[PDB]
Each structure stands twice: as structure tokens, then as C-alpha cells.
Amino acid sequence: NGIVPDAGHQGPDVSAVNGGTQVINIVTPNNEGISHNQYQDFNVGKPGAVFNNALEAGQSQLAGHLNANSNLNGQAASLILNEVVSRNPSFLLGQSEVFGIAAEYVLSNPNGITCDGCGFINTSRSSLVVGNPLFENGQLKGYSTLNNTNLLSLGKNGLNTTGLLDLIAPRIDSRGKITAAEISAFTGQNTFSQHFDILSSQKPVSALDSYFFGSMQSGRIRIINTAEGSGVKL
């Protein structure tokens, strides 16, 4: 059971189909179209995980036939925000599929995220954020990696998606092949808008060095490091 929802209102319904693939019936989107899901644990194993963003029944790639997600109330998410609220880091070793209506996908975990052979299916954009979402008056205002020195790690088996990819962390350590339509990596201690515009930056008390080994199979790569002094090694 890699994914364990929070007990409260923003905990989605989580189950599994024969073979171990996890199925997540994401919570009702708010009026902005954001499904804000909170978790005590968020990990994807080799059998993968399916996030049900469907308004009609149909065939998922990883978990077979599923009904429409009743939680949606006829209103598919524009953004599936997965927020780890505990101190547990995340490990992604398999595919995350959005079943139904294609959406943006975010995993935020300020304790650390590791991706080793992970991928994202039917996402327009997927973002991995070692940091927290920022909310004002119940609305998403952006993200923060301030005062955080934890790591976004990408292992030897890499990361694949047909969509856009954002990698957001105090520091990144990547050792595998990253395949994506576009890759954006933002490092350092920053605050961000909803769309990962950098709004502010702070100088870390100690060096925050990032390391990119391996190939990046993408037509467009951007790397922004705001940690004045700290570098990007390739």
C-alpha cells in the first residue's frame, strides 16, 4: 500500500485491483478545477497507479475497466494536486496514469521525492515539487521550496512522459534518462506562482548543488538555479 490518504476531507479514496495497481478516486475539484488530494504516504510501485479523472466509464491502461469517478460530480479536474502532509518522503518506481480527462499533475512532498523508472500517462504537464503548496483563502497561490534542503532524486531507470515536465526542488540529483516534451528544472530556495514563475528567492545557509548525469531526451530544456554561488554540474 504505497499510497495512504489523509483521514480528512481532502483524502481521496484509494484501493487496488488484482496485481497491485493502485486506483485513486481523487477528491472533488474546487471551483478552479483543482483536485487537492492530501496523503500520509505517496509512493508508486512498479504496478503503477491510476488517478480516476473520468466522467464516463472506460478502459484504463494500467487497471482495466473503471467507472466514472463519483467524487467529481460531473466536473473533471484541470489539476490533480497530490500533497504529502506528513514527514514521509516519496518513491516513484512506476507509471502514474490519469484515467479519463487529461489533466495537469503535481506531486508535492517537502521531505523528498525519488523517481526511478517512473512515468506519467495522459498528463499535459507533470510537476515534481520537493516543497509545499501555498494556499490563501482556500485558493492555490503557488509553491515554496524556502528553508528546505531536501532532494529530488532521479535514478538510473529514468523518467518518461509525453507531456511537459517540471522538476522543482532545493537540489536535484539525476542519474538516468529523462524523456519529456519539455523539461524545466528550477533549483534553489524559492517561492513560485501556480505556473512556476519564480516570485522570490533566498540564499541558502549552505551550498545547494545539483547534479545532472544521463541523457535528456527533450527538444527544450531549461535549468534555473537561484542559489547564488551553487552550481549545476553536467
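So that there is no doubt, residue numbering starts at 1 and follows the sequence shown.
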Task: Residue range whose averaged C-alpha B-factor is higher in the record, 166-174 or 199-207 - done: 199-207
- [ ] Read off the CA B-factors in the entry, average them over 116-124 and over 133-141, and name the higher stretch.
- [x] 133-141
TODO: From the list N73, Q95, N109, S153, select the residue with the highest C-alpha B factor recorded in the entry.
DONE: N73
Open item on the list: What third of the chain does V17 rank in for C-alpha temperature factor, lowest, middle or highest?
Closed with: highest
Open item on the list: What third of the chain does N82 rank in for C-alpha temperature factor, lowest, middle or highest?
Closed with: lowest
- [ ] Would you mind checking where the Cα B-factor of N37 ranks among the modelled residues of its chain, as the lowest, middle or highest third?
- [x] lowest
Task: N148 - Cα temperature factor, lowest/middle/highest third of chain - done: middle
- [ ] Could you tell me which third, lowest, middle or highest, the C-alpha B-factor of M216 occupies within its chain?
- [x] highest
